[PDB]
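J.: Would you mind keeping the following structure in view while I ask a few things?
In this note's numbering, the protein residues as written are 32 to 279.
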């Protein structure tokens with residue numbers, strides 16, 4: 032009854048910040064479990080606001096003690112209450128997308144998924160990249176929001192809420208062809224400079240297909256995206272643009 036029984040112990044992998052730990056001790060072991068674990072090594076004040084790694088946790092009747100390490104040098108054990116654990120991003124996966132930043136100016140710009148360890152706000156908004164093209168290379172979630180890591184001009188900028196991006200559809204397949212078709216009732220569709228919604232320049236029509244009605248054309252390419260199938264066509268032997276296949 033001099034020392035307390037260790038009731039539970041487990042290895043963990045967590046990042047945390049020591050906060051307001053002046054009134055707590057660092058010990059060679061879970062507090063008051065042996066002679067060695069009864070004498071205080073030092074207070075927690077030397078480690079206030081420093082980031083640490085949490086390696087183990089153990090409980091006794093008096094509380095929970097965790098084994099932390101500073102710069103991968105284990106320091107000892109301290110009351111779990113002396114620490115603020117960083118949350119981890121979930122659903123973290125590598126990506127290979129491109130899109131246009133359309134709401135960079137109404138979202139902050141971060142160096143990691145916000146709230147996670149080492150996450151800093153690089154700019155109050157990402158307005159510096161508004162309406163720019165970007166490559167999306169990674170995602171991660173936290174608090175129910177998805178954050179994309181992204182590049183502009185070949186340089187990784189940071190992390191931005193996925194709601195700030197307009198992601199382009201990929202061209203799933205594409206082939207050269209040689210078909211002669213007559214356009215009939217193409218008013219409902221538009222003509223695009225590229226395959227529809229695959230780039231900045233193919234989001235907005237050059238015209239409607241109404242102008243080319245009852246006209247015989249030459250389909251030289253076909254492309255499929257998640258949104259449909261597009262034909263690149265020619266009149267007078269010159270390429271007009273791309274249009275939904277139903278217009279033909």
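Cβ atoms here follow ideal geometry from the backbone N, Cα and C, with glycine treated the same way.
What are the start and end residues of the beta strand (DSSP E) that includes residue 185?
T.: Looking at the DSSP string, residue 185 is not in any beta strand (DSSP E), and its letter there is neither H nor E.
J.: Just mark residue 200 as buried or exposed, buried being the case when its beta carbon has 16 or more other beta carbons within 10 Å.
T.: buried
J.: Please give the ranges of any beta strand (DSSP E) in the region 79-136, keeping only runs that are unbroken, at least 3 residues long and fully inside the region.
T.: 82-91, 94-101, 104-110, 114-116, 121-132
J.: Quick one: give me the first and last residue of the beta strand (DSSP E) that residue 251 is part of.
T.: 246-256
J.: In three-state DSSP terms, what is residue 171?
T.: strand
J.: Using CA coordinates, which residue listed in 176, 268, 195, 36 is at the minimum distance from residue 119?
T.: Of 176, 268, 195, 36, the residue nearest in Cα terms is 176.
J.: Using 8 Å as the threshold, is the C-beta distance between residue 97 and residue 78 below it?
T.: Their beta carbons are not under 8 Å apart, which means residue 97 does not touch residue 78 by this criterion.
J.: Is it buried or exposed, residue 53, if we count other Cβ atoms within 10 angstroms and call 16 or more buried?
T.: Residue burial annotation: residue 53 is exposed, with fewer than 16 other C-beta atoms found within 10 angstroms of its C-beta.
J.: By how many angstroms is the C-alpha of residue 71 removed from the C-alpha of residue 62?
T.: Near 9 Å, if we compare the C-alpha coordinates of residue 71 and residue 62.
J.: I'd like to check one pair, residue 152 with residue 139: are the Cβ atoms closer than 8 Å?
T.: Yes.
J.: With distances taken between CB atoms, is the gap from residue 209 to residue 251 smaller than 8 Å?
T.: Between residue 209 and residue 251, the CB-CB gap stays under 8 Å.
J.: For my contact list, residue 262 and residue 276 are in at a C-beta cut-off of 8 Å; report their separation, rounded to the angstrom.
T.: Contact flag correct, Cβ pair sits at about 5 Å.
J.: Do residue 39 and residue 89 count as a contact pair if the criterion is CB distance below 8 Å?
T.: Yes, the Cβ-Cβ distance between residue 89 and residue 39 is below 8 Å.
J.: If you compare alpha carbons, which of 227, 246, 257, 258 is closest to residue 272?
T.: 227
J.: Could you give the C-beta distance for residue 182 and residue 193, rounded to a whole number, given that I count them as a contact under 8 Å?
T.: Incorrect: roughly 15 Å between the Cβ atoms, too far for contact.
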